[PDB]
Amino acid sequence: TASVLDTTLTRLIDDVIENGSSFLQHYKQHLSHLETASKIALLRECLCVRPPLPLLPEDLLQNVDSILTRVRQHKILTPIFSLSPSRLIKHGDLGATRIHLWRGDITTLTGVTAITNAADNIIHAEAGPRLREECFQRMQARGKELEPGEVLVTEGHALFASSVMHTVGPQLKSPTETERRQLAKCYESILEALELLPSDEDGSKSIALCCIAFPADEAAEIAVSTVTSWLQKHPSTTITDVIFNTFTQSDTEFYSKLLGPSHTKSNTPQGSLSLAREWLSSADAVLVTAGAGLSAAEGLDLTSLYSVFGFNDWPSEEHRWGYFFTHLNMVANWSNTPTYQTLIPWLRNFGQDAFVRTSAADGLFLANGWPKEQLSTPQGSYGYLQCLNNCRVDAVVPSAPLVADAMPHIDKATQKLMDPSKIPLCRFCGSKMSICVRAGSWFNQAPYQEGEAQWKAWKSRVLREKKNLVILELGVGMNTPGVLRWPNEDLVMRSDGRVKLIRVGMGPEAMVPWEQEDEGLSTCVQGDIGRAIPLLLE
C-alpha cells in the first residue's frame, strides 16, 4: 500500500475526472514522489472545488476526515478545560457557568461541545465535506431560509467540536432597535439550542461564540449582556462554559473591558506539541536549525530582505551606507528576543551536545549568549562585510566596529551618512563593499569555514556516539531547501531511529514527510514560533 494521503488524493483526482467539474492527469502517477505539503494543498483544493453533487462514498469520507484531523493536530491546540474565566455566573448551589475570553483560531479549541459559524471558510475547510452535505439537507428539509437571529445545528464531523451553530446576524449600511434585538436573538437562539444538546462524557457543556458591518463595541456589549442575563435567568442550565472567541486585538480589548481581568489559574498539553515534548525530554543531543522565521517571530520582519540586497535606487553611496549602517545597528541592538532567551538557557543543559546551525544569521544567537564554538552560519551573517567584486579570499572585515564608528555621523531623518570617509571600500582593490551574506555569485564563504568545520566535527561525533539526537527546525522557508530542510530529512532517514525532527513554523511548509511521521521519527508544530517555544521547553 501507498499511504492514506496518496490513496485518498488519487481517488479525489479520479473523482474530478469521471464526474467532476471543470475548474490534469500527470499528478496521479508522480504523486508518490511529490512533497507531502503539496499533496495536502492539492487534496484541500479538490474538496474546495467539489461539486456537492454525487456523494463521495463512505470509506473515502472516512479517509478525508482522518487526514484533516491528523493535520489539524499539528496546530497548537487549546483544551476548553485549560482556559481561565473572566466571569462566573453562580447558579445558587446548583453549579455555575464560566465565561471566558479567548483570542485564537476557533477550530483549534478542544473538548468543546459546540462552536459558532456566521452564514464559513475555516469551519468548512476543517469540518470536511460532510458538513456541506448536512447543511444542504437540513436547509432543504426546513424549506425556509435563515432569518436574522436564527440558528441551524449540524454535527462537527472532522472538527474537534461535537456540533456547529450556524447563525445569521443583522446586516446594516446606524444600528436600529430591531437590529440590536436581532443580534441578541442570535445569542439566545444559540444557548437555547445548546441546552437541548447532549453533554460531553464528563458532564460539561461548552460553546465558542465568534463575533457575528456592525459597530464592534456595541456588538460586543450586546453579546456579553445578552449571554450574561440569559445565564442569570436560567439557574438550572446544563451549560458549563461560554467562550467569547475573538480574532483581532481590538475585539479582544472591547471584550476584555466588558468582562474584566482573567482569574488566577487554579500541564496536560495536546497535539503534536505533546509528542514533541516527549522527544525533547528523552534527547541526549539537540541540533537547532533556524531560518528567518525565528527572528521574524521576535518582531524582525514575499521578500529576501529586498531593502538591503535587492533595492538598487540609492541617491548616493552615502545614502546606501547610511541605510545599511542603520539596519545593522538596529538588528544588532534588537531588544525583544524572548524566544531566544527561553531557547538558549534550555540548550545550555546539553553542554557540548547542543549545536546551532542558522541560514539567516542576523547575529541574534550570539547576542543572546550562544557560543560561537557551537554555532554555524553557512549563508553568511551580518557580522562581516566583503568586497563586491570578491577580488580575494581575505577581502572581508568585521562589521560591528564600522557600524559603531559610523552611527554618530548618520542623519537619522534621511539615513544619510554625513561623513564620506566612513564608506567602506575594499582595502585592496578599492571597490564597493556589501554585507557578507549569500545574495549573489560574489558571495565569499571563507569567513564561515571555521563554522562549517565545527558543524562537521559535531555531527560526526554525535552520530557515531549513537546518541538520541533531536533536530528542532525553527522557521526555515522553502527558498533554499537544500541548506537545512532536506539534510534534516536526510539525517532522519539514514539514522535508524536515532535522529528525530521537530519542524516548527507558521503556514503549511511546517509539515514533515508523511512517511517519517508514520514511523514516529518526525512531527511538526504549525503556529507562531514565539508561542510554540515556551510550550515545547517549559
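Sequential numbering from 1, following the sequence displayed.
In this entry, is the chain continuous from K173 to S174, or are deposited residues missing in between (none, 1 to 3, 4 to 9, 10 or more)? Missing residues, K173 to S174: 1 to 3.
Residues with no coordinates between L273 and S274, taken from the deposited sequence as a class: Gap between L273 and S274: none.
So which stretch wins on mean C-alpha B-factor, 326 to 334 or 417 to 425? The stretch with the larger average C-alpha B-factor is 417 to 425.
Looking at the entry, does 358 to 366 or 286 to 294 show the higher mean C-alpha B-factor? Result of the comparison: 358 to 366.
Highest-ranked of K75, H166, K459, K467 once sorted by CA temperature factor in the record: Within the set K75, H166, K459, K467, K467 shows the top C-alpha B-factor.
Residue, from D405, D411, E145, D353, that the PDB entry assigns the highest Cα B-factor: Out of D405, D411, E145, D353, the record gives the largest C-alpha B-factor to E145.
Modelled-residue ranking by C-alpha temperature factor, third containing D65: Ranked within chain, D65 CA B lands in the middle tercile.
Ordered by C-alpha B-factor within the chain, which third holds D14? Give me lowest, middle or highest, please. Highest third of the chain for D14's C-alpha B-factor.
Going by the CA temperature factor in the PDB record, which third of the chain does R438 belong to: lowest, middle or highest? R438: CA B-factor falls in the lowest third of its chain.
Using the B-factors in the PDB entry, rank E509's C-alpha atom against the chain and give the third, lowest, middle or highest. Answer is middle: the recorded C-alpha B-factor places it there.
Please place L501 in the lowest, middle or highest third of its chain by C-alpha B factor as given in the entry. It falls in the bottom third of the chain.
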